[PDB]
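**Q** Build me a model:
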Amino acid sequence: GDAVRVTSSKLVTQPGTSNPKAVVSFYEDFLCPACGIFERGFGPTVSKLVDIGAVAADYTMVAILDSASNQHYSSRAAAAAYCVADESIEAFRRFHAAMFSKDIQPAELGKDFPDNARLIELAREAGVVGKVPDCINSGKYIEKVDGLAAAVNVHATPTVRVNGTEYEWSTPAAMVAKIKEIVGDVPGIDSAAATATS
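**A** Residues are numbered from 1 along each chain as shown. Please find the structure below.
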């Protein structure tokens with residue numbers, strides 16, 4: 001809240017502080033088809049950039065596509081992700097990746113959507129139970145996620161900012177180059193470039 005910040009212990013920080021040199025902020029909706037394509041395409045590259053410490057990856061899961069017609073899937077799924085993040089950031093990484101996988105993400109404008117029990121089970125598969133079942137069932141984060149788009153002024157997904165500046169992405173490789181322009185040639189960044197090209 002408002003974003004889940006994913007880092008590793010290797011994070012490259014600004015001198016004399018604990019603040020990341022490079023923050024890549026993602027604004028995503030778990031129902032948005034393009035966000036699925038984007039996450040499947042960029043996800044391994046971003047994970048490598050996190051692992052080597054080149055970036056903090058911040059995820060704000062908005063609810064823009066939410067409707068009664070989808071059984072409020074967008075909001076329920078975003079809320080669930082924040083619940084999982086309360087338990088573990090690593091579990092959030094895994095959950096967030098699963099929800100965008102082809103076998104999981106439901107069709108925009110379809111009739112079949114994961115209910116809260118399924119979201120809780122997917123959280124279990126991501127490695128957490130703890131407070132997640134009650135967090136999800138009680139609707140703890142629904143109001144928050146429902147207000148996120150307005151709060152962060154993001155009305156379209158996927159949207160990316162790099163150090164707060166709007167970023168029009170093209171390829172994972174280009175994103176790695178953009179990060180390298182910022183942090184220079186840090187251990188592993190060329191390897192992230194290699195991940196980005198497969």
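**Q** Residue 59 and residue 2 touch, don't they?
**A** No: look at residue 59 against residue 2 with Cβ atoms under 8 Å: they stay out of range, at 10.0 Å. For every residue, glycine as well, the C-beta is placed using N, CA and C.
**Q** hey, which helix is longest across the protein?
**A** Ordering each helix of the chain by length in residues (DSSP state H) puts helix 33-52 first.
**Q** Which parts of that one count as buried, going by neighbours?
**A** By neighbour count with 16 or more other Cβ atoms under 10 Å, helix 33-52 contains the buried residues 35-36, 38-39, 42-52.
**Q** of all those, which two lie farthest apart?
**A** Spatially, the most separated pair among the buried residues of helix 33-52 is 36 and 52, at 25.2 Å (Cβ to Cβ).
**Q** residues contacting the residue nearest to residue 137 when sequence neighbours are not counted?
**A** Among residues not flanking residue 137 along the chain, residue 116 sits closest, at 6.0 Å (Cβ to Cβ, 6 or more residues apart in numbering). By Cβ atoms under 8 Å, 6 or more residues apart in numbering, residue 116 lies in contact with 76, 80, 136-137.
**Q** how about a cut-off of 7 Å?
**A** Residue 116 makes contacts with 76, 136-137, as judged by Cβ atoms under 7 Å, 6 or more residues apart in numbering.
**Q** In those, which residue is surrounded by the most others?
**A** Highest neighbour count within the contacts of residue 116, by other Cβ atoms under 10 Å: residue 76, with 25 neighbours.
**Q** Just the element for that residue, please.
**A** Here residue 76, judged by DSSP states H and E, is contained in helix 73-87.
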